[PDB]
Amino acid sequence: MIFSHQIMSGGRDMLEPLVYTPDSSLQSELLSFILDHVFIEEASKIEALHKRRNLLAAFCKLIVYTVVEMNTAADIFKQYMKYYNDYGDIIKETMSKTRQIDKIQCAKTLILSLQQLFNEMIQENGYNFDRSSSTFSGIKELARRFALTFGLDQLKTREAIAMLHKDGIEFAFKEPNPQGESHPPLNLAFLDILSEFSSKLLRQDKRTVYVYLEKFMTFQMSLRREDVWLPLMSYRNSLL
Amino acid sequence: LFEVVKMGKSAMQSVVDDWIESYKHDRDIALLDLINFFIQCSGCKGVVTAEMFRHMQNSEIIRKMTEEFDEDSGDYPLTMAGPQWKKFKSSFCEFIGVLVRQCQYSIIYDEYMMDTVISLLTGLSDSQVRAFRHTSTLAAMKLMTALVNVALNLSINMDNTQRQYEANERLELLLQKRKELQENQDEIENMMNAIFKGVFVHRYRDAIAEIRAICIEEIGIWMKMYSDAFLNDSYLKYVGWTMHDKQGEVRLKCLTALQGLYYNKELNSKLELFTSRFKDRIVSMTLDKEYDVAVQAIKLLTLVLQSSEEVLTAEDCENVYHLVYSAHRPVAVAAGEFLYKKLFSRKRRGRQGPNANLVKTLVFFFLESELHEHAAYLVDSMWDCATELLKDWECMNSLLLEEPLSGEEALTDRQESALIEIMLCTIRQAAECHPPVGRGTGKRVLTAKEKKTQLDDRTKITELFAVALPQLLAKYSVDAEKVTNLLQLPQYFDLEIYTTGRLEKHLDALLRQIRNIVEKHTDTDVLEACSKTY
Amino acid sequence: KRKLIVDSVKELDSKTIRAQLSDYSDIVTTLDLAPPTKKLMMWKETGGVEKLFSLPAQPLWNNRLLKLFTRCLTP
């Protein structure tokens, strides 16, 4: 934080030599330490709580003041609800500050966290997951708040939420299903989560995102009304 | 008419002048107009016909005027906020008081005037019209509040005439004036029963909270106005009942009314029984949900304790004692006063002088109650009441440095450490005149008196610990907590007095002792204290 | 639509009165205590996120070094 490119903030540039840009190796090691020794589940309770809060505050400082790449904030935004009491008001402030710096990249980080939770479920739970109970409900509950955070200032919030939907669509239609192309595309239940962000767009952007949705749908799949397609029907009705 | 109340022009002097001018003509229509104006004073737009109910029952006029409501919004004259509320509420009482005072022990003490008004007031109290049910209690109850003083004057004359009768047409005149002094009294007494029985007994527990608040406030006024007639459980019980109301304004009003009697108390004997029958609740209100009620509940326990030093037991006072380590400074201050005037009330310089046993008791208190390990909160909860016990460091230093006097028990190691903590926290709240974190705004523009107090306290602190500290840090120089709590005082010393006082050998001693601590201790906080002091 | 707010309930039930008289355990509360130790007092001083995002992690006491850090705090 002290020897960064901020050392010349309306200050003497004679100190240009000692500007240190951390390498990707260190940017990965810091995140590994944070996710291993901060997010973890008397007097020793508050002891460790405040110590871990200080450590998370330091890393969030490096994220907000743009010393490390913003994309690493996904692995912190991934745990807003699971720690709303332990570390929630820190992460909310990090989000409020990371919105101001770059809204576009903030939306990218948000929807990358939402796409790593989904992959967390796919990594063990099973693709035929309940889709109606447990941790999917938690993901939807997180998505609701994360959509509420992006208030309609209309200050280019349109592009942020549009690029957010774009990422969602491209992640949904990423891997075709092996069984057959006569069956739904993989990772399509996500569109049900993506529905919480629909209200943020206005009508014109809703239509534009629909036309971009036609870039992967195909008429035959549009008319295909089955239970396995319920999420796609829900997303379409959301965009209408 | 009611427009005087609407514009706020309703008053006492000029209104009574107008009422007396009307009486100069007659009282035959001074009642028709009195009823007509008061009816519209609620806020509706009714009518008064010459024989609207003249041959009939006047009470019938209720629904007839209710139909002519002219309803615009749900707000009576008092409910209508702003000046139309404040001025009208202040003004209303003036007219009633003026009417009573002009009565001058006549007309109302005669006939057909006091009786006339009673009917209208009674009817309004019952009407489920928001107007009458609200503003009648504002005025009809108030009328009892008005006449009790009139009866209060009746006793004075009786007592005065009693001596005149103590001891012909002069004696027969005494006899006549005495019969009439009784006939009026008795009839005024029935006119009282009128309100209490009808206007008070039922409206006392009315559904809406504001009317109950008026009832309780007027009952407290009665208590303060008469210390006999209205000081009997027959009247001293309604407050005890509504002491468990679920609102907060009503509870505050009952507590205030009760505090009135204990305030400048006449040591009423029956009041002592009331205290005991309700001590449990008045003490359990010390932890009420609304922190605006616990303050006025604790300021009543001290008031009781001032005279009745027996109703409170040991666990009852200990419950209050634990409250001084609170989070709300307004309740903590009151707990501090209760502790002060319960336990901390009771050779000009020295360990044997004053504020010595008093300052020896507080360390015992802190070492007994074990809710906190630090003393800042206790010190702050008394910084506005005990301003001489927690400021005379000359004895706090003495009690830790001066050798124990034969015939006096010395302090234990733990008691000494606690005293060092108390000393340091007193030093801190003297130097930085800001309360501890959690209590207080945190920003305050210190007044001239506060700046003067700061300068004087810092000067004394320097002039005292600059010469005292090396000895302290040489005797208590093996104990961690003690050194880490005594090495902070340097930070609170005006270092300018060092130069213009020739006190420099003590500076050399202080630096030498600090070096001795550094070269002998290895704790991660002791050395921090030394570095910060340097 | 005369908004008189006239309601039938203008009194209280004696059953409810005695219920309030007896069940006074719903209007009282517990005690809110302040920091019980110095460390908790400190952590209430600096634990606020506004201070968490405006102070060094390793505590630096001298104002010189505090400026060395905090001058890197931009808008």
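Structural remarks
- With the charge dipole of chain B set up from +1 on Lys and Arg Cβ and -1 on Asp and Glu Cβ about the Cα centre, the Cα lying farthest toward the positive end among the listed residues B:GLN415, B:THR49, B:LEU323 is that of B:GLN415.
- Alpha-carbon centroid distance for the pair the range B:99-138 / the range A:21-58, whole angstrom: 75 Å
- Per residue of peptide A:53-60, the mean number of Cβ atoms on other chains within 10 Å of the residue Cβ is 4.
- Estimated dipole of the protein assembly as shown in Debye, rounded to 20 [Cβ of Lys and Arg +1, of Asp and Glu -1, Cα centre]: 2060 debye
- Among B:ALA509, B:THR122, B:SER477 the positive-end extreme of the charge dipole of chain B (Cβ point charges): B:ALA509
- Among B:176-182, A:121-127, sorting by the average number of other beta carbon atoms lying within 10 angstrom of each residue, highest first, gives B:176-182, A:121-127.
- Scaled radius of gyration (Cα, divided by 2.2 N^0.38 Å) that chain A gives: 1.16
- Pairs of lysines in the range A:104-240 (C-alpha under 19 Å apart; 8 or more residues apart or interchain): 17
- Protection-proxy order for peptides B:206-213, C:8-15, each taking the mean of Cβ atoms within 10 Å per residue, highest first: B:206-213, C:8-15
- Rough spin-label spacing in nm, given labels placed 7 Å along Cα→Cβ, for B:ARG414 and B:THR313: 2.7 nm
- Tensor-based shape of the protein assembly as shown (alpha-carbon gyration tensor, a/c under 1.5 rounded, otherwise prolate or oblate): oblate
- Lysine pair number, Cα distance threshold 14 Å (strictly under), the range B:1-134, separation 8 or more or different chains: 8
- Computed magnitude of the charge dipole of the range B:218-372 (debye, nearest 20; Cβ of K, R +1, Cβ of D, E -1): 780 debye
- Mean separation of Cα contacts under 8 Å (6+ apart) over length of the range B:433-534, as relative contact order %: 29 percent
- A simple rule links phi to the HN-Hα coupling: the Karplus curve 6.51 cos²θ - 1.76 cosθ + 1.60 with θ = phi - 60°, which for the range B:431-440 gives 5, 8, 7, 10, x, x, 4, x, 10, x Hz, with x for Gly and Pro.
- Residue by residue along B:198-205, Cβ atoms of other protein chains within 10 Å of the local Cβ number 2 on average.
- Cα gyration tensor, the range B:1-129 - rounded (a/c under 1.5), prolate or oblate: oblate
- Backbone phi angles across the range B:371-378, fed through the Karplus curve with coefficients 6.51, -1.76 and 1.60 (θ = phi - 60°), yield HN-Hα couplings of 7, 10, 9, 9, 9, 3, 5, 4 Hz in residue order; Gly and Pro are listed as x.
- 10 Å Cβ neighbours from other chains, averaged over peptide C:36-42: 6
- Space enclosed by the convex hull of the alpha-carbon atoms of chain B, per residue, Å³: 235 Å³
- Across the alpha-carbon set of the range B:157-230, the Rg to Rh ratio works out to 1.20, Rh being the Kirkwood radius.
- Nearest-0.05 FRET efficiency for C:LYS38 and B:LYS443, computed from C-beta distance (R0 25 Å): 0.65
- What separates the Cα centres of the range C:7-55 and the range B:347-422 is a distance of 33 Å.
- Whole-Hz ³J(HN,Hα) from phi, Karplus 6.51 cos²θ - 1.76 cosθ + 1.60, for the range A:71-86, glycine and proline x: 3, 6, 6, 5, 5, 9, 5, 5, 10, 6, 6, 4, 9, 4, 9, 5
- Distance from the Cα centroid of the range A:214-235 to that of the range B:247-280 is 75 Å (rounded to whole angstrom).
- In this Cβ point-charge picture (+1 for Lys and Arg, -1 for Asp and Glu), chain C has a dipole of about 500 debye about its Cα centre.
- Cα-based equivalent ellipsoid of the range C:11-66: semi-axis lengths in Å, sorted from largest, via gyration tensor: 52, 12, 6
- For the range B:399-442, the square roots of the Cα gyration tensor eigenvalues, ordered a ≥ b ≥ c, give a/c of at least 1.5 with a/b greater than b/c, which places it in the prolate category.
- Highest-first arrangement of B:371-377, B:115-121, B:58-64, where packing means the average Cβ count within 10 Å: B:371-377, B:115-121, B:58-64
- The range A:1-28 residues near the modelled C:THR70 label - backbone nitrogen below 16 Å, point 7 Å along Cα→Cβ: A:2
- Taking the range C:2-43 and a reference point 7 angstrom along Cα→Cβ of B:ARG281, the backbone N atoms nearer than 12 Å belong to C:17-25.
- Greater than 20 Å apart at Cα, pairs in B:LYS265/B:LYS342; B:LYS449/C:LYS38; B:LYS360/B:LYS449; B:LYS452/C:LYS39: B:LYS449/C:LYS38; B:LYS360/B:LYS449; B:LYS452/C:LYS39
Each value in this text was obtained by applying a stated rule to the coordinates, not by laboratory testing. Note that each Cβ is placed from the backbone with ideal geometry, even for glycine, and that neighbours are counted across all protein chains shown.
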